[PDB]
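Notes to accompany the following structure.
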Number of protein chains: 2
Amino acid sequence: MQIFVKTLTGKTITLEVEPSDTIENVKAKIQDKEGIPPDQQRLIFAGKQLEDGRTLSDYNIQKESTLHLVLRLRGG
Amino acid sequence: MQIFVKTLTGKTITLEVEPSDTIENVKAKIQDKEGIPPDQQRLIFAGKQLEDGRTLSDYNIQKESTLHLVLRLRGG
């Protein structure tokens, strides 16, 4: 299934994920593609911050959903 | 000085802050106005998440800037 990962700074990342992938997995997939270290990422769906160990299905994130990416970088 | 706090879910909060306010004071101000607990707030400027102990000025947040707000939610 296809999900868009949109940055607050503009850019849309398209990914092919499995419905049961953990959020940590999506992060590894973003790293795969963009090179942004998982540790640096914060994923958000419906205005909320998502947790690592949960799955896309747990959050009701379905085909064509949009997630947001925020960076958590050293020293603010 | 006037800044805006936009949610990732279409709501703009207009605030009057001092250029030297820490990020935690702005959260206290959002709480005062929207009732959202400071603990459930994550503030973002230019695609990156903000540290509670730094000031708006440390991040070069000037008049009319837009900050974003995400919730780091847990219980119920």
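Just the heavy atoms: all of them, side chains too, but no hydrogens, waters or symmetry mates, feed the values below. Below, read A as the first sequence line, B as the second, and so on, with proteins coming before strands; counting in each chain starts at 1.
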Roughly how far apart are [X] [atom1] and [Y] [atom2], rounded to 0.5 Å?
| X | Y | atom1 | atom2 | value |
| --- | --- | --- | --- | --- |
| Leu43(B) | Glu51(B) | CG | CD | 11.5 Å |
| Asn25(A) | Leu15(A) | CG | CG | 11.0 Å |
| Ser57(B) | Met1(B) | OG | CE | 7.5 Å |
| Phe4(B) | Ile13(B) | CZ | CD1 | 12.5 Å |
| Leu56(A) | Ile61(A) | CG | CD1 | 4.5 Å |

Has [X] got a side-chain atom pairing as donor or acceptor with [Y]'s backbone, closer than 3.5 angstrom?
| X | Y | answer |
| --- | --- | --- |
| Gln49(B) | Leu71(A) | no |
| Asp58(A) | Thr55(A) | yes |
| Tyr59(B) | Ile23(B) | no |
| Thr7(A) | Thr9(A) | no |
| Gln41(B) | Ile36(B) | yes |
| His68(A) | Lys6(A) | yes |
| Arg54(B) | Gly75(A) | yes |

Same cluster or not: [X] versus [Y], using hydrophobic residues (I, L, V, M, F, W, Y) connected whenever any side-chain heavy atoms lie under 4.5 Å apart?
| X | Y | answer |
| --- | --- | --- |
| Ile3(A) | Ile44(A) | no |
| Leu8(B) | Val70(A) | yes |
| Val17(B) | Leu67(B) | yes |

Item to check | Side chain proximity check, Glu64(A) to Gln2(A), heavy atoms < 4.5 angstrom | outcome: yes
Checklist entry - Hey, is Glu34(A) close enough to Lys29(A) for a salt bridge, meaning N to O under 4.0 Å? => result no
Checklist entry - Is any side-chain N of the basic residue among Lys27(B) and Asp39(B) closer than 4.0 Å to the acidic one's carboxylate O? => result no
Item to check | side chain to side chain contact (heavy atoms under 4.5 Å, CB included) between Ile30(A) and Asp32(A), worked out | outcome: CA-CA 5 Å; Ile30(A) 281 154; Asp32(A) 283 352; over 6 Å; no
Checklist entry - Please walk me through it: do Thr22(B) and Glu24(B) pass side chain to side chain donor-acceptor pair (under 3.5 Å)? => result CA-CA 5 Å; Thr22(B) 50; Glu24(B) 197 70 67; over 6 Å; no
Item to check | Worked verdict on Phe45(A) versus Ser65(A) for side chain to side chain contact (heavy atoms under 4.5 Å, CB included) | outcome: CA-CA 9 Å; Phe45(A) 183 67; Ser65(A) 285; 3.9 Å; yes
Checklist entry - Could you go step by step and tell me if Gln40(B) and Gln31(B) meet the side chain to side chain contact (heavy atoms under 4.5 Å, CB included) rule? => result CA-CA 10 Å; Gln40(B) 309 172 10; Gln31(B) 169 178 43; over 6 Å; no
Checklist entry - Do you know the tightest heavy-atom contact between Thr14(A) and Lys33(A)? => result O-NZ, 2.8 Å
Next on the checklist: For a side chain to side chain contact (heavy atoms under 4.5 Å, CB included) check, start with the C-alpha distance between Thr66(B) and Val5(B), then their side-chain angles and the critical distance, and finish with the verdict.
Outcome noted: CA-CA 6 Å; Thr66(B) 295; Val5(B) 169; over 6 Å; no
